[PDB]
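Coming up, as structure tokens: structure 1 and structure 2, two forms of one and the same protein chain.
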Structure 1
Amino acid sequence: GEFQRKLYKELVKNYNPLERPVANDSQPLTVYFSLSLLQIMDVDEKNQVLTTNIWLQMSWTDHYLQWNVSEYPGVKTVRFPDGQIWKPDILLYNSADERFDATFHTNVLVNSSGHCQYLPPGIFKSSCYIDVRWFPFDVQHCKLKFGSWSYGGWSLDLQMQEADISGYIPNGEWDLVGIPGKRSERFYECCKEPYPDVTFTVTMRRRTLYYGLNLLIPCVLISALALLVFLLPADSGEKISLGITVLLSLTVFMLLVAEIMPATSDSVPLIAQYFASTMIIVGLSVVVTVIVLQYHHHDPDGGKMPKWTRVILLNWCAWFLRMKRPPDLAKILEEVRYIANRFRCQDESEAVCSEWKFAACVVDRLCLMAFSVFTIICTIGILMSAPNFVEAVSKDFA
């Protein structure tokens, strides 16, 4: 209207969008900086970059944008686009975005007293260190460092307001514990003046329901299935087939864990050593199966069973695991004697083979017990060694 047009023409006249809108040129300009977290887009641990949707909030007082409400009836707020009024140069210090700004420049509301208000949105890409030591029971502290690029503490001092949690969309993968912030002053050995900045520490923890059901339970079931080799009879030649097939199945799980894990080489991930232990147990089960088959397929009278081997396997382990089984009339006679002698020799050889097979079965059951104990101990210890494991289980699975 008439009054709004007159006000807009009056305010722009003799206004420099480069000068700091202070009335004395020496007193610092107080700028209240805060943000409003909306959602966490994707925590890319591969490149150690955090992508978030954040609405910044800046509020300062302008001395040259003040008018009288009575003299200009009706109009109470004026908005200026970029390049028309002075704005603070606050931007993310650790921004990993290519543009390095990642802010949509909107208008700046101005009240009758000149109190400007700036709410620039944007999909920020911060760069924070991401440790995967306790993956997937992981808690991350990503930091957003905001501050004026070319203003000191005696010209533009930052004042902090608490972040706005209201309106935050809950990310499925990550749970937001909170976003505490702190205002800090950095000094240089030039001028003895502060360089304040406002930094917000995004504290988030990873949810383990999806990662659990996709990596932990399948691994446990696969290891328990690999333990089945010791129950198959040695007569059927499919023991090492099952062992090598279950190890081949674990290979693709190892590949998946490698593809989802970063290339960080500062610590060993918990799930990495868990999978390593599981695959090592499977390989040792394969070796044990080879030994058991070597015992089972022992040549008749091809060797002598050692006394220690007997007294251990056939007695002590048998009792421990409840085992129980450890003229022409002369020529015809001389000819028929050989058949029965050969049959007796075959029976003795069969008895020796039966002893060897029972020793193999004893080794099978002993290794079944030992590997079950090892698998249970390794799984429980590795899973419960992670901090806040009980909290994550009670909050995800329950």
Structure 2
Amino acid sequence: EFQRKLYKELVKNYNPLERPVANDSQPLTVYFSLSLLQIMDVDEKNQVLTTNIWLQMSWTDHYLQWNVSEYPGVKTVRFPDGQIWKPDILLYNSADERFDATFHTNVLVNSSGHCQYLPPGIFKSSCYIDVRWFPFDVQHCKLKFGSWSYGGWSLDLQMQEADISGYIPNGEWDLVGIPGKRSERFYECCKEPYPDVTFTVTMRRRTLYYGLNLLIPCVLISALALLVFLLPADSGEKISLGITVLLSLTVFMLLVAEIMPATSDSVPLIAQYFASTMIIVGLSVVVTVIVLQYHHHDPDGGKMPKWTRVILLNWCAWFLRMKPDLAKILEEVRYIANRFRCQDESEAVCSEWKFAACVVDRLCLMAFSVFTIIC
């Protein structure tokens, strides 16, 4: 009875076009805040933050006022989109194909004219995502809100601290905080300044999954590439091991090409580890080729340079703690004996080249080890 009467009286001559101030020369104060409910998604490749947010807007409407003695029990009223003046506050840096993602709900007005408006929405905002320090990276995503067509002379936007009481923690992003800052800006469009409120959502990535999926595979690849230096050359498998470890690395590069977020803005420090490991694997293949040249050296070819015969077989080697008819028959047997004694000599020469390969092989083992550590 009284709710009906009030609803009929309130709209008499009301104009949703009119900014509802008593004095036209004065600006209308609008308090703007928001409630952060959940960080739905952080799109690194598209540079888009998705959030579930309840916007909070409050203003006084001069015309929507009533004495609650003449309408007993009617302490508030509600108006849908289009029947009440509302601030046209938009998210400036929206990434939504519709640009305005707010779901339009009721404005709640009490008897002194105070208008409350809390539209929810899944908001997409354009956020510059810096993955230089990925996975230990902190992102500052700005949410810039402001009246689109009401400037500072007409709509005095004011900020209130963002609400996080209802926040639901994300399983990948730790909410550091959501500070806000009201600014008064000028635009080439207009001589009048347009205030805005910007909420910076500071997020801290929880790195566990990434440290478990991206870093241990590099240690296992590097380790399996460094086992080539322990594999004997007689096996005939050093190249198989090293080249197959590199093929596995390439497959893991496909995986990394998917798991790791790339935005092309910088060079994630983490990727200097992927590079260190690809270079250690390729250089262990190059050094396995050098060791194989040493091991398979031709005994009838060149002679081992005295230079290397002392650099490796002596110095490095020590540092590694490594160590008539009767006469006709005589000529026939002597040939055989000397043939034997000559292949034996060639086998000894071969044994030094085979030994040098072992020494070079272990030196590379230790050298490659320390290099991994520092990197």
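All residue numbers here follow the sequence of structure 1, with the first residue given the number 1. Note that the rigid core is defined as the largest set of C-alphas that superpose within 1.5 Å between two forms.
Student: Superposing the core, which one of 194, 114, 181, 212 shows a C-alpha shift reaching 2 Å or more between the two structures?
Tutor: Among the listed residues, the outlier is 194.
Student: After superposition on the rigid core, does the Cα atom of residue 264 shift by at least 2 Å between the two structures?
Tutor: After core superposition, the displacement of the residue 264 C-alpha between the two structures reaches the 2 Å mark, so yes.
Student: I want to check residue 231: does it shift between the two structures by 2 Å or more at the Cα, with the core superposed?
Tutor: Superposed on the core, residue 231 moves its C-alpha less than 2 Å between the two structures.
Student: For residue 255, is the CA shift between the two structures at least 2 Å following rigid-core superposition?
Tutor: Superposed on the core, residue 255 moves its C-alpha 2 Å or more between the two structures.
Student: Once the core is aligned, what is the C-alpha displacement of residue 138 between the two structures? Give it in Å to one decimal.
Tutor: Taking the core as reference, the C-alpha of residue 138 is shifted 0.9 Å.
Student: By how many angstrom is the Cα of residue 129 displaced between the two structures when the rigid core is overlaid?
Tutor: Core-aligned C-alpha shift comes out at 1.2 Å.
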